[PDB]
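In: Provide a 3D model corresponding to the input given below.
(one chain, ligands or ions: 2)
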Amino acid sequence: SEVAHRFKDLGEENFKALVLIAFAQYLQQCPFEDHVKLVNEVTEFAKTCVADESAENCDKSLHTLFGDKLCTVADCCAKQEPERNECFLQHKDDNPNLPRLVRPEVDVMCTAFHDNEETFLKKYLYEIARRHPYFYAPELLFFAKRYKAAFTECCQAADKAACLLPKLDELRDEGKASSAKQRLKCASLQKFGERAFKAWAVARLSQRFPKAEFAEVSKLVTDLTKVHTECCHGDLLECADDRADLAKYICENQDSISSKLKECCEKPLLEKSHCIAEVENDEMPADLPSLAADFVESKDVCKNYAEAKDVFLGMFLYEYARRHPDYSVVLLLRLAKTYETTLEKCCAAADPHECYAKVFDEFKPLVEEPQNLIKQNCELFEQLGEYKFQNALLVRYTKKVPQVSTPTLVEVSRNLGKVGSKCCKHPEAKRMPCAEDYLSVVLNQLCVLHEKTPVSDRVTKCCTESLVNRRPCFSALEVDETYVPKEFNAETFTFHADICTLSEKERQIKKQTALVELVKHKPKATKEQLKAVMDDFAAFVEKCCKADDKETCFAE
Ligand SMILES: CC(=O)O[C@H]1C[C@@]2(C)[C@@H](C[C@@H](O)[C@H]3[C@@]4(C)CC[C@@H](O)[C@@H](C)[C@@H]4CC[C@@]32C)/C1=C(\CCC=C(C)C)C(=O)O
Ligand SMILES: CC(=O)O[C@H]1C[C@@]2(C)[C@@H](C[C@@H](O)[C@H]3[C@@]4(C)CC[C@@H](O)[C@@H](C)[C@@H]4CC[C@@]32C)/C1=C(\CCC=C(C)C)C(=O)O
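Out: Numbers count the residues shown, from 1 in each chain. Ligands and ions are numbered 1, 2, ... in the order given. What follows is the structure:
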């Protein structure tokens with residue numbers, strides 16, 4: 001019996017939490033109530049399997065169970081595992097048509113919290129999990145514990161509003177970031193594969209643990225991959241389990257891995273795990289040999305490459321990464337691929353050594369591109385400020401892929417612009433990994449949102465073509481020369497007066513949605529003419545909106 005197995009390991013509470021998340025991430029449309037019932041019924045059934053390990057169907061696999069339980073409310077169900085299961089995975093909506101989630105006044109939240117606590121918190125998980133079908137579950141529990149703590153304390157404060165609001169904003173961001181990061185994770189695994197996920201894991205960990213040994217890292221990677229392999233496929237319980245052991249393991253062998261892990265291992269499970277996954281890189285090992293030594297100068301290169309290819313590259317990657325925390329994980333993989341491609345042609349040549357001898361020369365180009373992209377992009381940002389810098393990115397991208405839906409273009413660009421204040425404040429050493437990897441995340445949203453209703457084939461190419469090279473791929477794109485402009489419409493710019501109420505941010509976002517609709521209508525337009533109309537539109541609002549009783553001003 002598996003249900004039993006997992007129950008003993010996670011416990012009543014957590015088992016109850018994870019299972020809620022799984023259902024919320026599968027049938028994002030069903031109401032909170034029907035989820036609860038199924039969660040209990042399923043939990044109930046679990047308690048019996050603990051006693052008798054052969055009762056009803058305690059012998060079955062998780063899926064069969066969870067699958068039939070939902071199939072009592074949910075074509076996915078007209079099949080049988082594994083068929084039945086994966087149908088569900090393919091139907092997770094990344095942009096569900098759920099209603100905006102507004103928050104009642106502070107007083108209500110606190111009463112609702114104080115009265116019933118469990119429900120309050122289960123509601124929390126239900127909402128986040130149904131809107132972010134890929135949210136790294138184990139991690140969601142961490143945010144839940146943090147969420148409870150937010151209220152547990154703020155509600156006994158004086159000015160609750162003052163104490164909560166902030167902590168609440170801090171969680172929306174951090175939780176939003178967490179979700180993107182993981183969506184990329186899953187996307188890697190599901191679209192590109194374990195190997196892909198593995199390489200990324202190798203470089204990234206190797207960067208954080210310069211002192212760990214290739215054989216040590218490789219272990220951490222083989223395990224990590226499994227966690228995520230698991231979490232993404234919906235095996236949320238096993239993911240949470242395995243993830244825990246992995247944390248137990250990293251803490252036990254601390255000395256073999258990093259010296260910054262101390263503070264992480266001296267904390268509760270949940271916080272322990274979050275701490276590790278976010279720890280800063282360990283200091284770099286003192287006297288380290290030159291890469292050129294074993295990977296370009298040695299005459300035994302091609303041989304080793306032929307004996308254990310994947311291992312060799314893994315070593316190459318590990319060795320370059322560990323000593324280059326100032327590069328982004330994508331630049332590394334990129335270099336690593338350049339190396340592999342070279343060995344391939346060079347090894348089947350007359351005098352291999354002479355062929356692959358000047359390989360580091362070809363890295364120079366790939367290494368500067370990002371650096372220049374970053375210097376440039378920050379200089380600009382530094383002069384325009386965040387809002388104007390986003391606008392710069394909004395025009396640029398819209399001209400690039402005019403087909404994309406204005407809403408997507410607005411969010412993506414806004415996000416892309418956040419990189420400015422998110423990274424440009426760091427010294428050159430930490431700027432690239434900060435910047436280019438953050439971009440690969442944002443670009444992944446765009447890729448997934450698009451994937452739903454693919455309209456631009458230029459976006460499709462860049463996205464499917466190569467994971468590691470997307471950011472470059474998009475930067476290539478200039479302006480679509482086949483795009484035949486849109487024709488003004490009224491149904492395209494509903495202006496009804498409900499716009500003098502909205503928050504400041506809600507304004508910019510409207511002033512932004514406009515800017516895109518403009519360019520969508522006048523690509524050939526110029527960055528000079530552009531701001532001129534944009535400025536007139538701002539007056540109309542300012543006008544009409546505080547122009548006595550006028551909903552017609554909008555027409556006039
Ligand atoms: C405007 C605002 O402040 O919204 C906040 C406030 C918010 C709607 C929150 C998401 C979720 O907890 C909400 C529920 C329904 C959660 C369950 C119950 O306990 C409610 C009594 C509670 C009230 C509003 C709250 C607390 C917010 C979010 C979501 C961001 C988070 C992530 C991971 C993407 C937000 O900041 O956008
Ligand atoms: C330059 C600037 O900051 O303008 C901002 C500021 C702005 C002129 C605003 C439109 C409108 O509320 C304005 C009125 C007259 C609304 C009625 C009253 O309460 C005034 C006391 C108020 C002051 C200025 C304000 C708040 C802006 C807009 C319009 C954007 C809205 C949408 C839907 C695209 C803008 O960002 O362009």
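
In: okay, CA-based contacts and neighbour counts for the rest of this
Out: Will do.

In: what's the burial count for the residue of the stretch 151-300 of the chain found nearest ligand 2?
Out: Using C-alpha to the nearest ligand atom, the single residue of the stretch 151-300 of the chain nearest to ligand 2 is residue 169, 23.1 Å away. By the measure other C-alpha atoms under 10 Å, the count of residues near residue 169 is 11.

In: Is any residue of the helix or strand it falls within near ligand 1?
Out: Element membership for residue 169, per DSSP states H and E: helix 160-187. Yes - Helix 160-187 is in contact with ligand 1 by C-alpha under 6 Å from any ligand atom, via 169, 172, 175, 176.

In: For the stretch 301-450 of the chain, which segments are assigned as strands?
Out: Applying DSSP state E, counting those that start in this stretch to the stretch 301-450 of the chain gives no strands.

In: Can you pull the phi and psi angles for residue 207?
Out: The phi/psi pair for residue 207 (degrees, to the nearest 10) reads phi -70, psi -40.

In: and it, what does it touch?
Out: Applying C-alpha atoms under 8 Å, 6 or more residues apart in numbering to residue 207 gives the contacts 281, 318, 321, 322, 323, 324, 325.

In: Nearest spatial neighbour of the first one, chain-adjacent residues omitted?
Out: If you skip the residues right next to it in sequence, residue 281 has residue 208 as its closest partner in space, 3.7 Å away by C-alpha to C-alpha, 6 or more residues apart in numbering.

In: For burial, what's the neighbour tally of residue 187?
Out: 19.

In: go on, residue 423?
Out: Residue 423, neighbours per other C-alpha under 10 Å, totals 20.

In: Next: the one 5 residues further on.
Out: Residues near residue 428, counting by other C-alpha under 10 Å, number 14.

In: Kindly report the same for residue 252.
Out: For residue 252, using other C-alpha under 10 Å, the count is 12.

In: ditto for residue 203
Out: Neighbours of residue 203 (other C-alpha under 10 Å): 30.

In: Equivalent analysis for residue 51, please.
Out: Residues lying near residue 51 (other C-alpha under 10 Å) number 10.

In: Can you report phi and psi for whatever residue of the stretch 101-250 of the chain ends up closest to ligand 2?
Out: With C-alpha to the nearest ligand atom as the measure, residue 102 is the residue of the stretch 101-250 of the chain nearest to ligand 2, at 19.7 Å. Main-chain dihedrals, residue 102, degrees, to the nearest 10: phi -90, psi 150.

In: I'd like the domain boundaries of the chain, if you could list them.
Out: Partitioning the chain according to curated CATH domains yields domains covering residues 1-93, 94-183, 191-282, 283-368, 369-480, 481-554.

In: Help me see whether the shortest one makes contact with ligand 2, please.
Out: Yes - judged by C-alpha under 6 Å from any ligand atom, domain 481-554 and ligand 2 are in contact via 499, 500, 507, 508, 510, 511, 538, 541, 542, 545, 546.

In: could I get the residues of helix 160-187 next to ligand 1 as CSV with distance to residue 390?
Out: Below are the residues of helix 160-187 next to ligand 1 laid out as CSV (distance: C-alpha to C-alpha, whole Å):
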residue, distance to residue 390
169, 21
172, 21
175, 22
176, 19
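
In: Neighbour-wise, which one of those leads?
Out: Counting by other C-alpha under 10 Å, top hit in those: residue 175 with 16 neighbours.

In: What separation do you get for residue 183 and residue 311?
Out: 28 Å (C-alpha to C-alpha, to the nearest Å).

In: Residue 357 now?
Out: Taking C-alpha to C-alpha, one finds residue 357 at 21 Å from residue 311.

In: Need the phi and psi values for the residue of the stretch 1-150 of the chain found nearest ligand 2.
Out: Closest residue of the stretch 1-150 of the chain to ligand 2, C-alpha to the nearest ligand atom: residue 100 (18.2 Å). The phi and psi values for residue 100, taken as degrees, to the nearest 10, are phi -50, psi 150.

In: Please work out how many residues are found near it.
Out: Residue 100, neighbours per other C-alpha under 10 Å, totals 6.

In: what does residue 459 give?
Out: With other C-alpha under 10 Å as criterion, residue 459 counts 23.

In: residue contacts, it?
Out: 401, 447, 450 are the contacts of residue 459 under C-alpha under 8 Å, 6+ apart.

In: Buried residues in the host helix or strand of it, which are they?
Out: Following DSSP H and E, the helix or strand that holds residue 459 is helix 457-465. Neighbour counts over helix 457-465 (16 or more other C-alpha atoms under 10 Å) mark 458, 459, 462, 463 as buried.

In: try stretch 177-195
Out: Neighbour counts over stretch 177-195 (16+ other C-alpha under 10 Å) mark 179, 180, 181, 182, 183, 184, 185, 186, 187, 188, 189, 194 as buried.
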